[PDB]
Amino acid sequence: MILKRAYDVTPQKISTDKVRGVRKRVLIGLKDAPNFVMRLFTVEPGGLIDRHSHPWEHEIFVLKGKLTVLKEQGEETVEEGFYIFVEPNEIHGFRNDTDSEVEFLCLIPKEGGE
Amino acid sequence: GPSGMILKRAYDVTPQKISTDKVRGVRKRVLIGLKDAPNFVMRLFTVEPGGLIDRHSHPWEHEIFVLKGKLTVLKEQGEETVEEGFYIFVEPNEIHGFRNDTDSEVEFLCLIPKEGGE
Ligand SMILES: [Cu+2]
Ligand SMILES: [Cu+2]
């Protein structure tokens with residue numbers, strides 16, 4: 001059994017053609033997980049995970065702030081205390097239009113990697 | 001399977017009472033349940049003050065994230081308290097339980113592979 005403060009996990013900065021202003025913590029990864037992995041994303045002000053899709057689902061819980069969710073067309077903002085279920089193959093992404101960091105938990109089946 | 005995305009305030013789910021031989025003072029919200037989940041389920045547990053999930057084990061893992069309060073985690077040997085912002089991984093078959101020794105509600109997210117139910 002592993003009991004740990006999520007903040008103490010070292011975040012990974014992401015800056016690519018499709019993801020900018022985002023840090024990722026792998027809390028429960030491939031080393032431990034028999035079936036699915038647990039990540040915590042921090043989206044800086046102005047940060048973006050552009051529209052994408054994959055053959056696996058997301059299960060998300062918004063921990064802090066106002067998260068903008070990009071849909072195949074349009075977008076929807078949600079707050080801390082929302083959960084999000086993204087079906088396999090659905091186009092989605094994320095943006096932070098606020099002036100403070102947004103945090104969300106994100107779980108995927110292990111075929112999606114960590 | 002189906003397409004789309006669900007976006008919903010977790011508290012829009014009513015907290016249902018859990019009452020078994022080994023659980024008292026606990027309510028549960030099924031967020032992403034069997035009816036929808038391809039692989040694993042997402043629940044939000046509320047432990048009332050003095051509530052207890054006694055030591056148990058099962059042939060699936062838990063992945064937990066503490067959302068609110070101070071959660072006492074029962075281990076095969078002793079116990080350890082964690083707080084909001086801690087995660088917990090429980091291996092399959094590991095002895096574990098939970099207790100709320102405080103005077104306020106403790107809340108945690110708990111995900112299991114869907115073969116273990118919701
Ligand atoms: Cu995605
Ligand atoms: Cu259990």
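Residues numbered from 1 in each chain as written, not as in the entry; some residues may be left out. Chains lettered and ligands numbered in written order. Heavy atoms only, no water. Residues with missing side-chain atoms left out of burial classes, pairs and counts.

As stated in the entry header, the method of structure determination is X-ray crystallography and the reported resolution is 1.198 Å.

Draft legend 1. Representation of the coordination of the copper ion (ligand 2) within the structure. All names here are of chain B. Protein coordination at the copper ion (ligand 2): the donors are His56 (NE2), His58 (NE2), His62 (NE2) and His96 (NE2), at 2.0 to 2.1 Å from the metal. Around the copper ion (ligand 2), the 4 donor atoms sit at angles spanning 87 to 165°, and that spread fits a shape best called irregular. One chain supplies every donor for the copper ion (ligand 2), spaced along it as H-x1-H-x3-H-x33-H. Assessed through its relative accessible area of 12%, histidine 58 is described here as buried. Taking the relative accessible area as the measure of exposure, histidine 62 reaches 7% and is therefore buried. (Donors = N, O, S within 2.8 Å, 3.2 Å for Na, K, Ca; no water. Tetrahedral: all angles 85-135°; square planar, octahedral: opposite > 155°, others 65-115°. Buried < 20%, exposed > 50% of the residue type's maximum accessible area, 1.4 Å probe, protein only.)

Draft legend 2. Region of the structure containing the UniProt feature "binding site: Mn(2+)" (unreviewed entry) in chain B. Residues and elements named next belong to chain B. Residues annotated by UniProt as "binding site: Mn(2+)" (unreviewed entry) correspond here to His56, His58, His62 and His96. Considering the C-alpha atoms alone, the annotated residues occupy 41 residues of sequence yet fold into one spot, their largest mutual distance being 12.1 Å. With respect to the element layout, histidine 56 can be found in strand β4 (residues 40–56). In contact with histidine 56, not counting residues within four places along its chain, are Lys22, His62, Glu94, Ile95 and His96. There is a polar contact of 3.3 Å between the side chain of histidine 56 and the side chain of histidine 58. Among the secondary structure elements, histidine 62 is positioned in strand β5 (residues 62–68). Excluding anything up to four places from it in sequence, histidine 62 contacts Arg43, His56, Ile88, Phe89, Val90, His96, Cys110, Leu111 and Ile112. Among the polar contacts listed, one links the side chain of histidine 62 to the side chain of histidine 58, at a separation of 3.0 Å. (UniProt positions renumbered as here; feature names shortened; annotations may be inferred. Helix = DSSP H or I, 4+ residues; strand = E, 2+ residues; numbered from the N terminus. Contact = heavy atoms within 4.5 Å. Polar contact = N/O pair within 3.5 Å; in protein donor to acceptor, adjacent residues only side chain to side chain.)

Draft legend 3. Region of the structure containing the pattern of salt bridges. All names here are of chain A. This model, assessed by the stated rule, comprises 9 salt bridges over all chains. A salt bridge links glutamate 44 to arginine 23, with the nearest nitrogen and oxygen atoms 3.3 Å apart. Of this pair, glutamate 44 sits in strand β4 (residues 36–52) while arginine 23 sits in strand β3 (residues 19–28), placing them 21 residues apart in sequence. Taking the relative accessible area as the measure of exposure, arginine 23 reaches 28% and is therefore partly exposed. The salt bridge partner of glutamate 75 is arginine 95, with a shortest N-O separation of 2.9 Å. Of this pair, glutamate 75 sits in strand β7 (residues 75–79) while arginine 95 sits in strand β9 (residues 92–95), placing them 20 residues apart in sequence. Looking at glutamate 75, the relative accessible area reads 43%, which means it is partly exposed. Taken together, the shared-partner salt bridges connect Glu75, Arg95 and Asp97 into one network. (Salt bridge = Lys/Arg side-chain N within 4 Å of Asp/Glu carboxyl O.)

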